[PDB]
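Report on the structure given below.
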Amino acid sequence: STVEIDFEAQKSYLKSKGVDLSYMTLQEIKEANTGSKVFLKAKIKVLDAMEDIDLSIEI
Amino acid sequence: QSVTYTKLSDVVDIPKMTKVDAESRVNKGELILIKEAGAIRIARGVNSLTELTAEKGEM
Amino acid sequence: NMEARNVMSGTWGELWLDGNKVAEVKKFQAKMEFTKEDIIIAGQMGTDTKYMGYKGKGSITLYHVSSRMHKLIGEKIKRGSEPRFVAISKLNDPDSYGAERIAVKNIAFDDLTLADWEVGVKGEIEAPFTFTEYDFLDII
Amino acid sequence: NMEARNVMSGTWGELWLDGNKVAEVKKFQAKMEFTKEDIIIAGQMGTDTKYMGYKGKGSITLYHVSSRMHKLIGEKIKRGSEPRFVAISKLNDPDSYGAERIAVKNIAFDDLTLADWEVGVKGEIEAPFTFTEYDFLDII
Amino acid sequence: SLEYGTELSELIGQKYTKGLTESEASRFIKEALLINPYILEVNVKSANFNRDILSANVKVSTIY
Amino acid sequence: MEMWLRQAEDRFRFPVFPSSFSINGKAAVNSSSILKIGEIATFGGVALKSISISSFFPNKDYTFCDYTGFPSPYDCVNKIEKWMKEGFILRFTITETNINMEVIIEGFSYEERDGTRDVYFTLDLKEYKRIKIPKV
Amino acid sequence: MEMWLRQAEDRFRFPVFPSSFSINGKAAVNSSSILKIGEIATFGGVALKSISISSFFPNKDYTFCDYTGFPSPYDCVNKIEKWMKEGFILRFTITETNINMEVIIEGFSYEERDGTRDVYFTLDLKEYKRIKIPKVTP
Amino acid sequence: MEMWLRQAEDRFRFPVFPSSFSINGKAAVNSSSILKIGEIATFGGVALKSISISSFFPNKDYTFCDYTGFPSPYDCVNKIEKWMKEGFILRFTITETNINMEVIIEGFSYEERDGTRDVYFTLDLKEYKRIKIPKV
């Protein structure tokens with residue numbers, strides 16, 4: 001599983017506030033001030049119980 | 001675990017229903033009690049949702 | 001192509017220990033060591049290896065300005081519990097490509113220094129440890 | 001005859017690791033070791049030997065400008081596979097007779113360095129390894 | 001009798017862990033099949049967990 | 001991998017997995033000697049497998065434990081000692097291997113040797129085979 | 001070299017060649033004594049050879065493996081255990097040597113001892129001999 | 001010094017001389033106890049000597065070899081194994097010593113343990129005495 005900073009959401013927030021994003025670099029976009037707001041993302045996969053059996057029998 | 005095939009020792013007997021009846025009830029999104037493998041247990045652990053979209057998958 | 005300006009200077013490091021910033025840090029080490037087994041086959045001259053496992057080792061060094069380690073440990077060792085800690089180190093040289101941030105988890109310290117002073121010498125503390133896993137947060 | 005100009009200078013070395021040029025290399029070592037068994041005969045005063053086998057050892061030292069080793073190893077050790085690598089070293093001094101190119105194959109690293117910094121000290125990385133076979137591409 | 005049949009219905013719903021489930025399934029199939037005198041050896045080789053489905057490959061050796 | 005000892009529906013799972021495990025097997029061979037030809041041998045039957053386990057029962061929730069919710073060290077000790085006392089036939093299994101068989105307990109030793117109140121143990125198990133009596 | 005165990009047409013080749021192998025052979029010497037002379041000895045026939053093998057079954061493809069395509073470790077364990085249980089007569093051969101004979105399995109032990117899921121084993125084999133059956137004279 | 005094993009005119013000379021050799025000899029002593037004086041002992045006869053040799057058969061012409069022209073390692077193995085199989089009476093001699101006697105082979109073990117294809121061996125020999133049947 002992974003947890004990360006949401007880069008696209010931060011970019012959209014900075015664009016909405018009106019900051020010029022073209023001049024800054026990726027590290028500066030990541031570490032820019034956002035004013036009491038945090039953006040994160042994560043990936044998980046959820047297990048399920050076993051409820052069916054498929055048997056392939058040879059001869 | 002999952003609640004599927006959990007058996008109830010308290011219950012003594014239940015109204016008879018055929019296998020096709022149980023299957024059709026389960027396909028409709030109902031939680032039912034069935035008699036199988038020499039005991040009384042629930043058929044499958046599903047909730048009321050029946051119609052699936054792209055946003056809400058079969059899971 | 002490499003430039004001399006791209007070599008990271010250690011003056012730009014930072015350390016967090018159990019969520020509190022440590023401004024008196026002097027150096028930080030953390031390394032994973034792999035264990036090998038030699039494979040020898042009759043009739044062949046060459047010798048090969050296979051991996052067996054790994055272990056983590058490291059250490060911290062601080063200027064002596066307060067009793068941080070004693071408060072961190074407390075009576076947890078004496079009372080028989082097993083305390084563990086999390087450390088985060090950052091290295092951000094302005095002249096380099098970027099930052100490098102690592103999280104070192106499940107830390108067990110090796111000893112505790114109560115007093116070590118001498119007339120005419122400024123005080124320092126050394127604290128070795130072992131750990132089991134790590135995560136990378138920023139890759140340069 | 002020997003001229004003082006013909007001694008190879010180490011500044012003119014180059015290294016390829018897994019197909020990529022390493023511009024921040026500092027030194028490179030690779031050496032084969034031979035195992036001997038002592039032969040002693042009753043009635044004779046001298047002692048003789050016979051070869052048993054051989055093993056390879058070496059190491060690499062780099063300036064710390066990026067996280068090359070962590071990307072190279074990644075999670076391969078943790079997941080349990082057996083990563084092996086190929087290195088190519090070249091030594092081409094303009095004032096010497098010619099070049100020397102060697103391929104070192106089937107390399108297994110000994111450890112991995114996560115963090116190693118100190119205030120007022122420039123960063124460096126050291127990485128020992130073992131190998132099993134080699135080829136000579138350019139000879140002198 | 002007490003010999004005929006199979007206990008595979010006790011695994012539905014993940015009552016055991018996954019490894020114990022694999023072991024039990026293999027043993028159940030082998031012990032159930034080996035009562036026929038015309039069957040010589042049974043092997044349950046593969047076993048995979050995908051969503052709620054357990055798959056396996058069974059190889060039966062007979063006299064013919 | 002997991003390790004289980006089970007008596008019918010009563011199951012116990014070991015909290016700390018051991019450092020190694022080994023299975024011993026043997027077969028009997030009967031030897032005779034012939035005048036002027038030498039020694040000969042024939043197959044005589046297979047013996048029962050044996051297995052020995054060494055680990056400890058933890059007194060606190062360690063990071064390396066297999067799961068959470070195991071009983072106290074002396075609860076585990078009492079349970080296994082009762083099983084050995086009555087001569088129960090148990091089922092021993094190690095997951096992800098081919099080890100799944102009925103056994104009987106031959107020995108059980110436990111000790112305390114440091115300041116942590118952990119209990120180290122050694123358990124000896126032997127394979128069990130039931131005898132078939134023919135009828136007509 | 002290579003190491004093979006074959007039962008009729010069912011052949012098995014060990015994925016990893018061991019670190020060493022050794023053959024043990026003995027002869028039976030009868031001991032007696034004679035008054036005022038001391039101990040004497042006579043020849044009493046040759047004994048059956050024996051060999052012991054120690055290696056492991058890999059759980060992945062290694063650079064030092066003899067060949068690719070070998071089965072899983074517990075498949076190998078199951079095969080050898082079945083052979084030992086039934087008391088089969090097998091043929092054991094090490095190529096480029098003088099070892100080629102019929103054997104019977106005496107002991108088999110296996111274990112796991114690290115994080116690699118490799119199975120270490122020890123196999124004990126004993127030589128097997130047949131006696132001729134007498135024939136009725138014409 | 002040289003080491004030889006000979007069966008009538010068929011002779012074999014070892015290519016690599018061993019690191020050491022030792023001869024073991026014993027004598028039997030019969031003990032009795034007499035009332036109020038204690039233990040006494042008398043001579044009972046001498047036992048047969050024994051000798052054990054460890055070396056290797058080389059797979060190439062080494063500098064330290066005794067001579068040149070010896071057979072292959074497995075040729076030596078086969079020759080000695082045949083001698084042991086038939087129970088031949090052999091003559092074993094080490095030059096420049098007092099060791100020159102008739103023997104019989106008790107054991108033979110050989111192995112390979114490195115990348116050179118040399119064969120290490122151990123050979124056990126026992127002194128042989130023929131019994132004299134008187135006539136008239």
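Numbering starts fresh at 1 for the residues of each chain in the structure tokens, the chains themselves are lettered A, B, ... in the order given, and ligands are numbered from 1 as they appear.
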Both chains have the same sequence, so match all Cα atoms in order, fit chain C onto chain D by least squares, and return it as a compact mmCIF listing (two decimals) with N, CA and C atoms, in the first residue's frame.
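The file below, result02.txt, is the result:
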# COMPACT_ATOMS: atom_id res chain seq x y z
N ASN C 1 62.93 -0.83 -21.38
CA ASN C 1 62.93 0.61 -21.11
C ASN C 1 61.56 1.10 -20.67
N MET C 2 61.53 1.84 -19.56
CA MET C 2 60.30 2.40 -19.02
C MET C 2 60.43 3.91 -18.92
N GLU C 3 59.32 4.60 -19.12
CA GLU C 3 59.23 6.03 -18.91
C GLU C 3 58.28 6.33 -17.76
N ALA C 4 58.50 7.46 -17.10
CA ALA C 4 57.59 7.88 -16.03
C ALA C 4 56.21 8.20 -16.58
N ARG C 5 56.13 8.67 -17.82
CA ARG C 5 54.86 9.04 -18.43
C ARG C 5 53.95 7.85 -18.71
N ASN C 6 54.46 6.63 -18.63
CA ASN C 6 53.68 5.45 -18.96
C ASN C 6 52.86 4.92 -17.80
N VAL C 7 53.00 5.49 -16.61
CA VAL C 7 52.23 5.03 -15.46
C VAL C 7 50.82 5.60 -15.55
N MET C 8 49.83 4.72 -15.48
CA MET C 8 48.45 5.14 -15.68
C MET C 8 47.93 5.91 -14.47
N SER C 9 47.37 7.08 -14.73
CA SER C 9 46.75 7.89 -13.70
C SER C 9 45.28 7.52 -13.56
N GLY C 10 44.81 7.45 -12.32
CA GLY C 10 43.45 7.01 -12.08
C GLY C 10 42.39 8.03 -12.43
N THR C 11 42.77 9.27 -12.72
CA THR C 11 41.81 10.28 -13.14
C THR C 11 41.18 9.96 -14.48
N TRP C 12 41.75 9.02 -15.23
CA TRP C 12 41.27 8.68 -16.56
C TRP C 12 40.40 7.44 -16.58
N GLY C 13 39.95 6.97 -15.42
CA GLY C 13 39.08 5.82 -15.38
C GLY C 13 37.64 6.15 -15.69
N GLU C 14 36.89 5.13 -16.08
CA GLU C 14 35.47 5.25 -16.35
C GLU C 14 34.77 3.97 -15.92
N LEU C 15 33.52 4.10 -15.49
CA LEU C 15 32.75 2.96 -15.00
C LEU C 15 31.35 2.98 -15.58
N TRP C 16 30.88 1.80 -16.00
CA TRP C 16 29.50 1.57 -16.40
C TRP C 16 28.91 0.54 -15.45
N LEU C 17 27.71 0.81 -14.95
CA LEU C 17 27.03 -0.09 -14.03
C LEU C 17 25.64 -0.37 -14.57
N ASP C 18 25.41 -1.61 -14.99
CA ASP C 18 24.15 -2.04 -15.58
C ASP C 18 23.81 -1.22 -16.83
N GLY C 19 24.83 -0.86 -17.60
CA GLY C 19 24.65 -0.17 -18.85
C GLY C 19 24.51 1.33 -18.76
N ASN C 20 24.58 1.91 -17.57
CA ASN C 20 24.46 3.35 -17.38
C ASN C 20 25.79 3.91 -16.91
N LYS C 21 26.23 5.00 -17.53
CA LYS C 21 27.49 5.61 -17.15
C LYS C 21 27.38 6.28 -15.79
N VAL C 22 28.41 6.12 -14.97
CA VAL C 22 28.46 6.63 -13.61
C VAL C 22 29.53 7.71 -13.57
N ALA C 23 29.11 8.98 -13.57
CA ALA C 23 30.04 10.09 -13.62
C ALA C 23 30.59 10.50 -12.26
N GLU C 24 30.03 9.99 -11.17
CA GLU C 24 30.45 10.35 -9.83
C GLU C 24 31.36 9.31 -9.19
N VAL C 25 31.92 8.40 -9.98
CA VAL C 25 32.76 7.34 -9.44
C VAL C 25 34.05 7.94 -8.87
N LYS C 26 34.52 7.37 -7.77
CA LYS C 26 35.74 7.79 -7.10
C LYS C 26 36.86 6.75 -7.19
N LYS C 27 36.55 5.47 -7.01
CA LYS C 27 37.54 4.42 -7.18
C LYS C 27 36.83 3.10 -7.43
N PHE C 28 37.54 2.17 -8.06
CA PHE C 28 37.00 0.87 -8.41
C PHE C 28 38.06 -0.20 -8.17
N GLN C 29 37.69 -1.27 -7.47
CA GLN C 29 38.58 -2.39 -7.21
C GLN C 29 37.91 -3.69 -7.63
N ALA C 30 38.72 -4.63 -8.11
CA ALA C 30 38.23 -5.97 -8.43
C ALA C 30 39.42 -6.92 -8.44
N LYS C 31 39.32 -8.00 -7.67
CA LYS C 31 40.46 -8.90 -7.49
C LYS C 31 39.96 -10.33 -7.35
N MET C 32 40.75 -11.27 -7.88
CA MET C 32 40.49 -12.70 -7.75
C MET C 32 41.49 -13.31 -6.78
N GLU C 33 40.99 -14.06 -5.80
CA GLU C 33 41.82 -14.66 -4.76
C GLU C 33 41.80 -16.17 -4.88
N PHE C 34 42.98 -16.78 -4.84
CA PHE C 34 43.13 -18.22 -4.99
C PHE C 34 43.31 -18.88 -3.63
N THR C 35 42.73 -20.07 -3.48
CA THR C 35 42.81 -20.83 -2.24
C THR C 35 43.81 -21.98 -2.40
N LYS C 36 44.66 -22.15 -1.40
CA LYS C 36 45.75 -23.12 -1.45
C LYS C 36 45.64 -24.11 -0.30
N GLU C 37 46.21 -25.30 -0.51
CA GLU C 37 46.30 -26.33 0.51
C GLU C 37 47.75 -26.76 0.63
N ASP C 38 48.26 -26.81 1.86
CA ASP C 38 49.65 -27.18 2.10
C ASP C 38 49.84 -28.69 2.02
N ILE C 39 50.92 -29.11 1.37
CA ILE C 39 51.24 -30.52 1.19
C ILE C 39 52.52 -30.81 1.95
N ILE C 40 52.45 -31.77 2.87
CA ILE C 40 53.57 -32.15 3.72
C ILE C 40 53.79 -33.65 3.55
N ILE C 41 55.04 -34.04 3.34
CA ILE C 41 55.40 -35.43 3.05
C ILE C 41 56.42 -35.88 4.08
N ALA C 42 56.17 -37.03 4.71
CA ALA C 42 57.06 -37.53 5.75
C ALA C 42 58.40 -37.92 5.15
N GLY C 43 59.48 -37.48 5.78
CA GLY C 43 60.82 -37.71 5.30
C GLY C 43 61.40 -36.61 4.43
N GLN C 44 60.60 -35.62 4.06
CA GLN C 44 61.06 -34.47 3.30
C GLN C 44 60.83 -33.21 4.11
N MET C 45 61.79 -32.29 4.07
CA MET C 45 61.70 -31.08 4.87
C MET C 45 60.83 -30.01 4.23
N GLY C 46 60.80 -29.93 2.90
CA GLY C 46 60.12 -28.84 2.23
C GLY C 46 58.61 -29.04 2.13
N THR C 47 57.90 -27.92 2.05
CA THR C 47 56.44 -27.88 2.01
C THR C 47 55.97 -27.27 0.70
N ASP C 48 55.00 -27.91 0.06
CA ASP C 48 54.46 -27.49 -1.23
C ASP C 48 52.97 -27.21 -1.12
N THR C 49 52.37 -26.72 -2.21
CA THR C 49 50.96 -26.34 -2.22
C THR C 49 50.29 -26.80 -3.51
N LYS C 50 48.97 -26.91 -3.46
CA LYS C 50 48.13 -27.09 -4.63
C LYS C 50 46.93 -26.16 -4.54
N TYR C 51 46.44 -25.71 -5.69
CA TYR C 51 45.29 -24.82 -5.75
C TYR C 51 43.99 -25.59 -5.50
N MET C 52 43.04 -24.91 -4.86
CA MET C 52 41.75 -25.50 -4.52
C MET C 52 40.58 -24.83 -5.20
N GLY C 53 40.60 -23.51 -5.32
CA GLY C 53 39.50 -22.77 -5.90
C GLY C 53 39.83 -21.30 -5.90
N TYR C 54 38.88 -20.49 -6.36
CA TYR C 54 39.06 -19.05 -6.41
C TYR C 54 37.76 -18.34 -6.09
N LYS C 55 37.88 -17.07 -5.73
CA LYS C 55 36.76 -16.22 -5.36
C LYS C 55 37.06 -14.79 -5.80
N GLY C 56 36.02 -14.00 -5.98
CA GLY C 56 36.15 -12.63 -6.45
C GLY C 56 35.66 -11.62 -5.43
N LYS C 57 36.42 -10.54 -5.25
CA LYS C 57 36.08 -9.48 -4.32
C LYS C 57 36.38 -8.13 -4.95
N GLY C 58 35.66 -7.11 -4.50
CA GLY C 58 35.86 -5.76 -5.02
C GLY C 58 35.02 -4.77 -4.25
N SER C 59 35.10 -3.51 -4.68
CA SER C 59 34.30 -2.45 -4.06
C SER C 59 34.26 -1.23 -4.97
N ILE C 60 33.26 -0.38 -4.73
CA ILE C 60 33.08 0.88 -5.46
C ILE C 60 32.91 2.01 -4.45
N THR C 61 33.35 3.21 -4.84
CA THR C 61 33.16 4.41 -4.04
C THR C 61 32.64 5.53 -4.93
N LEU C 62 31.61 6.23 -4.46
CA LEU C 62 30.95 7.27 -5.24
C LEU C 62 30.82 8.55 -4.43
N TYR C 63 30.81 9.68 -5.13
CA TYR C 63 30.32 10.91 -4.53
C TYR C 63 28.81 10.83 -4.39
N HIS C 64 28.28 11.43 -3.33
CA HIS C 64 26.85 11.37 -3.06
C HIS C 64 26.18 12.55 -3.75
N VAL C 65 25.58 12.29 -4.91
CA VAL C 65 24.81 13.30 -5.62
C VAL C 65 23.37 12.88 -5.87
N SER C 66 23.03 11.60 -5.72
CA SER C 66 21.67 11.11 -5.93
C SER C 66 21.56 9.74 -5.29
N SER C 67 20.35 9.18 -5.33
CA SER C 67 20.08 7.88 -4.71
C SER C 67 20.11 6.78 -5.78
N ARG C 68 21.31 6.58 -6.33
CA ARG C 68 21.48 5.61 -7.41
C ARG C 68 21.38 4.17 -6.90
N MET C 69 22.02 3.88 -5.77
CA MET C 69 22.05 2.50 -5.27
C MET C 69 20.67 2.03 -4.83
N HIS C 70 19.88 2.90 -4.20
CA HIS C 70 18.55 2.48 -3.77
C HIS C 70 17.66 2.15 -4.96
N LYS C 71 17.73 2.96 -6.01
CA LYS C 71 16.95 2.67 -7.21
C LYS C 71 17.46 1.42 -7.91
N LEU C 72 18.78 1.21 -7.90
CA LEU C 72 19.34 0.00 -8.50
C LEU C 72 18.86 -1.25 -7.77
N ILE C 73 18.87 -1.22 -6.44
CA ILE C 73 18.44 -2.39 -5.68
C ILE C 73 16.92 -2.45 -5.60
N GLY C 74 16.29 -1.36 -5.18
CA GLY C 74 14.84 -1.34 -5.05
C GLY C 74 14.37 -2.29 -3.96
N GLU C 75 13.29 -2.99 -4.25
CA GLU C 75 12.73 -3.99 -3.35
C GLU C 75 13.14 -5.40 -3.72
N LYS C 76 14.13 -5.56 -4.60
CA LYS C 76 14.52 -6.89 -5.05
C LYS C 76 15.04 -7.73 -3.89
N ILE C 77 15.84 -7.14 -3.01
CA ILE C 77 16.33 -7.87 -1.85
C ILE C 77 15.21 -8.15 -0.87
N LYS C 78 14.35 -7.15 -0.63
CA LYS C 78 13.26 -7.33 0.32
C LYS C 78 12.26 -8.38 -0.15
N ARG C 79 11.96 -8.40 -1.45
CA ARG C 79 11.00 -9.35 -1.99
C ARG C 79 11.54 -10.76 -2.09
N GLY C 80 12.83 -10.97 -1.84
CA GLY C 80 13.39 -12.30 -1.81
C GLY C 80 14.00 -12.79 -3.10
N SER C 81 14.01 -11.97 -4.15
CA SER C 81 14.73 -12.34 -5.36
C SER C 81 16.23 -12.17 -5.14
N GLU C 82 17.01 -12.63 -6.12
CA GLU C 82 18.47 -12.57 -6.06
C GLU C 82 18.98 -11.75 -7.24
N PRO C 83 19.19 -10.45 -7.06
CA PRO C 83 19.63 -9.61 -8.17
C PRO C 83 21.14 -9.67 -8.39
N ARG C 84 21.51 -9.60 -9.67
CA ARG C 84 22.90 -9.62 -10.10
C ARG C 84 23.13 -8.52 -11.12
N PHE C 85 24.38 -8.07 -11.24
CA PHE C 85 24.69 -6.90 -12.05
C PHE C 85 25.98 -7.12 -12.83
N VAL C 86 26.18 -6.30 -13.85
CA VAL C 86 27.35 -6.32 -14.72
C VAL C 86 28.00 -4.95 -14.67
N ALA C 87 29.32 -4.92 -14.52
CA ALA C 87 30.07 -3.67 -14.48
C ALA C 87 31.21 -3.69 -15.48
N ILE C 88 31.44 -2.56 -16.14
CA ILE C 88 32.50 -2.41 -17.13
C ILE C 88 33.36 -1.22 -16.73
N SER C 89 34.66 -1.44 -16.57
CA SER C 89 35.59 -0.39 -16.20
C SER C 89 36.60 -0.18 -17.32
N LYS C 90 36.89 1.08 -17.61
CA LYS C 90 37.84 1.45 -18.64
C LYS C 90 38.91 2.36 -18.04
N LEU C 91 40.15 2.17 -18.48
CA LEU C 91 41.27 3.01 -18.06
C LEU C 91 42.06 3.41 -19.30
N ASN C 92 42.02 4.69 -19.64
CA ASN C 92 42.60 5.20 -20.88
C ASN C 92 43.38 6.48 -20.60
N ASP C 93 44.65 6.34 -20.26
CA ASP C 93 45.58 7.44 -20.08
C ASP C 93 46.18 7.83 -21.43
N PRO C 94 46.09 9.09 -21.84
CA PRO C 94 46.65 9.47 -23.15
C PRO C 94 48.14 9.20 -23.28
N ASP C 95 48.89 9.28 -22.19
CA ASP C 95 50.34 9.11 -22.23
C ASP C 95 50.78 7.65 -22.16
N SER C 96 49.85 6.71 -21.99
CA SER C 96 50.20 5.30 -21.89
C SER C 96 50.16 4.64 -23.26
N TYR C 97 50.40 3.33 -23.28
CA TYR C 97 50.42 2.59 -24.54
C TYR C 97 49.02 2.46 -25.13
N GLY C 98 48.03 2.17 -24.30
CA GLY C 98 46.69 1.95 -24.81
C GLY C 98 45.67 1.93 -23.70
N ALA C 99 44.50 1.38 -24.02
CA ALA C 99 43.39 1.30 -23.09
C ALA C 99 43.28 -0.11 -22.51
N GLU C 100 42.61 -0.20 -21.37
CA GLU C 100 42.39 -1.47 -20.68
C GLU C 100 40.94 -1.51 -20.24
N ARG C 101 40.16 -2.42 -20.83
CA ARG C 101 38.72 -2.51 -20.60
C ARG C 101 38.36 -3.91 -20.14
N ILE C 102 37.71 -4.00 -18.98
CA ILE C 102 37.36 -5.26 -18.35
C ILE C 102 35.87 -5.26 -18.04
N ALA C 103 35.24 -6.42 -18.18
CA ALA C 103 33.84 -6.61 -17.82
C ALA C 103 33.77 -7.55 -16.62
N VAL C 104 33.14 -7.09 -15.54
CA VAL C 104 33.00 -7.86 -14.31
C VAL C 104 31.54 -8.28 -14.19
N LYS C 105 31.29 -9.58 -14.13
CA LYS C 105 29.95 -10.11 -14.28
C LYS C 105 29.51 -10.86 -13.02
N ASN C 106 28.19 -10.92 -12.84
CA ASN C 106 27.55 -11.65 -11.75
C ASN C 106 27.91 -11.04 -10.39
N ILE C 107 27.62 -9.76 -10.25
CA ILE C 107 27.97 -8.98 -9.07
C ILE C 107 26.84 -9.05 -8.05
N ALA C 108 27.19 -9.30 -6.79
CA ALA C 108 26.25 -9.26 -5.68
C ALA C 108 26.76 -8.28 -4.63
N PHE C 109 26.00 -7.22 -4.39
CA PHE C 109 26.41 -6.20 -3.43
C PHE C 109 26.25 -6.70 -2.00
N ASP C 110 27.02 -6.09 -1.09
CA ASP C 110 27.12 -6.54 0.29
C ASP C 110 26.23 -5.78 1.26
N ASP C 111 25.91 -4.52 0.99
CA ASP C 111 25.09 -3.73 1.90
C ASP C 111 24.48 -2.56 1.13
N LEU C 112 23.64 -1.79 1.81
CA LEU C 112 23.01 -0.61 1.25
C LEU C 112 23.04 0.50 2.29
N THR C 113 23.57 1.66 1.92
CA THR C 113 23.63 2.81 2.81
C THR C 113 22.45 3.73 2.51
N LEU C 114 21.67 4.02 3.54
CA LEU C 114 20.50 4.88 3.40
C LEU C 114 20.83 6.34 3.71
N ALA C 115 21.56 6.58 4.80
CA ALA C 115 21.94 7.93 5.18
C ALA C 115 23.25 7.87 5.94
N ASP C 116 24.19 8.73 5.57
CA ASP C 116 25.44 8.87 6.31
C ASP C 116 25.97 10.29 6.08
N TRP C 117 25.57 11.21 6.96
CA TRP C 117 25.97 12.60 6.82
C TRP C 117 26.41 13.15 8.17
N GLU C 118 27.16 14.24 8.11
CA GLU C 118 27.70 14.92 9.28
C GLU C 118 27.87 16.39 8.93
N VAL C 119 27.68 17.26 9.92
CA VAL C 119 27.77 18.70 9.67
C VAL C 119 29.21 19.05 9.29
N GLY C 120 29.36 19.77 8.18
CA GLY C 120 30.67 20.20 7.72
C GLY C 120 31.47 19.19 6.93
N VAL C 121 30.85 18.12 6.45
CA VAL C 121 31.55 17.06 5.71
C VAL C 121 30.77 16.76 4.44
N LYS C 122 31.48 16.56 3.33
CA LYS C 122 30.85 16.21 2.06
C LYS C 122 30.63 14.71 1.97
N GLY C 123 29.52 14.32 1.34
CA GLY C 123 29.07 12.94 1.39
C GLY C 123 29.71 12.02 0.37
N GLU C 124 29.90 10.77 0.79
CA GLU C 124 30.42 9.71 -0.07
C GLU C 124 29.73 8.40 0.27
N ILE C 125 29.73 7.49 -0.70
CA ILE C 125 29.11 6.17 -0.56
C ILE C 125 30.16 5.11 -0.87
N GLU C 126 30.16 4.03 -0.09
CA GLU C 126 31.04 2.90 -0.31
C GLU C 126 30.21 1.63 -0.47
N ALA C 127 30.55 0.81 -1.46
CA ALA C 127 29.75 -0.36 -1.81
C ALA C 127 30.62 -1.56 -2.16
N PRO C 128 30.91 -2.44 -1.20
CA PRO C 128 31.63 -3.68 -1.51
C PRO C 128 30.74 -4.72 -2.17
N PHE C 129 31.38 -5.67 -2.86
CA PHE C 129 30.65 -6.70 -3.58
C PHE C 129 31.52 -7.94 -3.75
N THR C 130 30.91 -8.98 -4.32
CA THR C 130 31.61 -10.19 -4.76
C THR C 130 31.09 -10.58 -6.13
N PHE C 131 31.93 -11.25 -6.92
CA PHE C 131 31.59 -11.63 -8.29
C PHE C 131 32.18 -13.00 -8.58
N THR C 132 31.86 -13.54 -9.76
CA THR C 132 32.27 -14.89 -10.12
C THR C 132 33.09 -15.01 -11.40
N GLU C 133 32.97 -14.08 -12.35
CA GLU C 133 33.73 -14.22 -13.59
C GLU C 133 33.96 -12.85 -14.23
N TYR C 134 34.87 -12.83 -15.20
CA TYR C 134 35.29 -11.60 -15.85
C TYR C 134 35.72 -11.88 -17.27
N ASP C 135 35.67 -10.84 -18.11
CA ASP C 135 36.13 -10.89 -19.49
C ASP C 135 37.02 -9.69 -19.78
N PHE C 136 38.00 -9.89 -20.65
CA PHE C 136 38.90 -8.82 -21.07
C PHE C 136 38.54 -8.39 -22.49
N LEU C 137 38.33 -7.09 -22.67
CA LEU C 137 37.95 -6.53 -23.96
C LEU C 137 39.07 -5.77 -24.65
N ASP C 138 39.90 -5.05 -23.90
CA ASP C 138 41.06 -4.35 -24.43
C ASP C 138 42.25 -4.64 -23.53
N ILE C 139 43.35 -5.08 -24.13
CA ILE C 139 44.56 -5.44 -23.41
C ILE C 139 45.66 -4.47 -23.79
N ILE C 140 46.31 -3.90 -22.79
CA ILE C 140 47.39 -2.95 -23.01
C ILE C 140 48.74 -3.64 -23.05
Which residues of chain A come within 10 Å of chain E, and for each one, what is the closest pair of atoms and their distance in Å to one decimal, counting only C-alpha atoms, sorted by chain and residue number, as JSON lines?
{"residue": "A:46", "atom": "CA", "partner": "E:51", "partner_atom": "CA", "distance": 9.4}
{"residue": "A:47", "atom": "CA", "partner": "E:51", "partner_atom": "CA", "distance": 7.1}
{"residue": "A:48", "atom": "CA", "partner": "E:51", "partner_atom": "CA", "distance": 5.8}
{"residue": "A:49", "atom": "CA", "partner": "E:14", "partner_atom": "CA", "distance": 5.3}
{"residue": "A:50", "atom": "CA", "partner": "E:52", "partner_atom": "CA", "distance": 4.1}
{"residue": "A:51", "atom": "CA", "partner": "E:12", "partner_atom": "CA", "distance": 5.0}
{"residue": "A:52", "atom": "CA", "partner": "E:53", "partner_atom": "CA", "distance": 4.7}
{"residue": "A:53", "atom": "CA", "partner": "E:54", "partner_atom": "CA", "distance": 4.8}
{"residue": "A:54", "atom": "CA", "partner": "E:55", "partner_atom": "CA", "distance": 4.8}
{"residue": "A:55", "atom": "CA", "partner": "E:56", "partner_atom": "CA", "distance": 5.5}
{"residue": "A:56", "atom": "CA", "partner": "E:57", "partner_atom": "CA", "distance": 5.1}
{"residue": "A:57", "atom": "CA", "partner": "E:58", "partner_atom": "CA", "distance": 4.8}
{"residue": "A:58", "atom": "CA", "partner": "E:59", "partner_atom": "CA", "distance": 5.0}
{"residue": "A:59", "atom": "CA", "partner": "E:60", "partner_atom": "CA", "distance": 6.0}
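Secondary structure of chain A, helix (DSSP H, G or I) only (DSSP, backbone atoms): residues 7, 8, 9, 10, 11, 12, 13, 14, 15, 16, 17, 26, 27, 28, 29 and 30 of chain A.
Comparing H:55, H:19, H:33, H:7 by their smallest distance to residue 93 (chain H), the closest is H:7 (using only C-alpha atoms).
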Considering only strand (DSSP E) as DSSP defines it on the backbone, what residues of chain B qualify? List them as a CSV table (one decimal) with C-alpha atoms, in the first residue's frame.
chain,number,residue,atom,x,y,z
B,33,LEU,CA,-31.7,-18.7,6.0
B,34,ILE,CA,-31.3,-22.1,4.2
B,35,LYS,CA,-30.9,-25.7,5.1
B,40,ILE,CA,-29.5,-24.4,9.2
B,41,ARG,CA,-27.3,-21.5,8.0
B,42,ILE,CA,-27.5,-18.3,6.0
